[PDB]
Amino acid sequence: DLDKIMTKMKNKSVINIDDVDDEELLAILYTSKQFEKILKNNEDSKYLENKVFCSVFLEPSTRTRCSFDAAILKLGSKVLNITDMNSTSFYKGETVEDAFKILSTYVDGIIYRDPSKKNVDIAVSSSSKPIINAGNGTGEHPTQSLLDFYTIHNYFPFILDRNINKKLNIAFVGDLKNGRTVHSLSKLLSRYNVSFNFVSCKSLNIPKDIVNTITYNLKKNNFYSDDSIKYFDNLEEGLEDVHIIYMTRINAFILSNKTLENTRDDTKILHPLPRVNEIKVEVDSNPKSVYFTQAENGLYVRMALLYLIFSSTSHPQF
């Protein structure tokens, strides 16, 4: 019931993946799929006109910012940008709370990216208007996990089912300590019937509190066992029986066509981007690679999220 879920999400701020529940997630997924079909069929995408947004980016993060802008513009709304400023140049001497108390009166909603975790929370408290977090220093990046989850769900729809007999097996590879995109998505995936392969060198292992959160979430739905979380030193073992391979930003963990020969046929490769050397260019020709479709999906998911949160009204329907 897309009406009901909208009434609940209307004017919601979205800071953290935990701010999205089961229903909200289904809504976001459903809506994202509609925007996807609409856009790929070159149909009218203007489901959210007459809104004016402010996009505040206090660190260089061009892709996420371009992607939200595009999402706003394709919806038919408008955006004012604060860009290419760091956290002190904006807030010349002014309090965060003043800056957002005021700014919030000029626009319908605010997209905020700031390395300071503190500032986003203060923003949420001061702002009379909804805020979407586009990334902060504690590694909260909800739209990134939403688009990651969306991508996985396109290939492995059964992840929604919470069916004891349909388990998804994911390998997370690389810098698991600093890869906050892993932490976020893990948190979301562990709400479902999922098994985790953490492939990493010892100093870049998944943090304990993330393992606890996963264990907690898997226990809550009766999907935790001794085989739920597994830890690997190398690719050949870690990649074994995994539906999804997720590579992190940063060696020993370089993805090639050779290292992919002993994966499942159905396995799909994701990477939040940009890649450097983590994935060899040869792999872009391999139909297992979906990281460019993954990046593309961020548009549909962000359109979806803005639509559900800010419509004051008609829903997208193919």
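Residue numbers run from 1 along the displayed sequence.
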Zero if continuous, otherwise a range: how many residues of the deposited sequence are missing coordinates between residue 7 and residue 8 (none, 1 to 3, 4 to 9, 10 or more)?
none
What number of residues from the deposited sequence go unmodelled in the gap from residue 39 to residue 40, classed as none, 1 to 3, 4 to 9, or 10 or more?
none
Report the stretch with the higher mean CA temperature factor, choosing between 162-170 and 113-121 on the basis of the entry.
113-121
State which stretch shows the higher mean Cα B factor in the entry: 43-51 or 57-65.
57-65
Quiz for you: based on the deposited Cα B-factor, which of 104, 86, 77, 190 is highest?
86
Between 70, 270, 26, 260, which one tops the list for Cα B-factor in this entry?
260
Which third, lowest, middle or highest, does the CA B-factor of residue 149 fall in along this chain?
lowest
Please place residue 142 in the lowest, middle or highest third of its chain according to the CA B-factor in the PDB entry.
lowest
Residue 217's Cα B-factor: lowest, middle or highest third of the chain?
middle
Using the B-factor values recorded in the entry, state whether the Cα atom of residue 201 falls in the lowest, middle or highest third among the modelled residues of its chain.
highest
Where does the C-alpha B-factor of residue 127 rank in its chain, lowest, middle or highest third?
highest
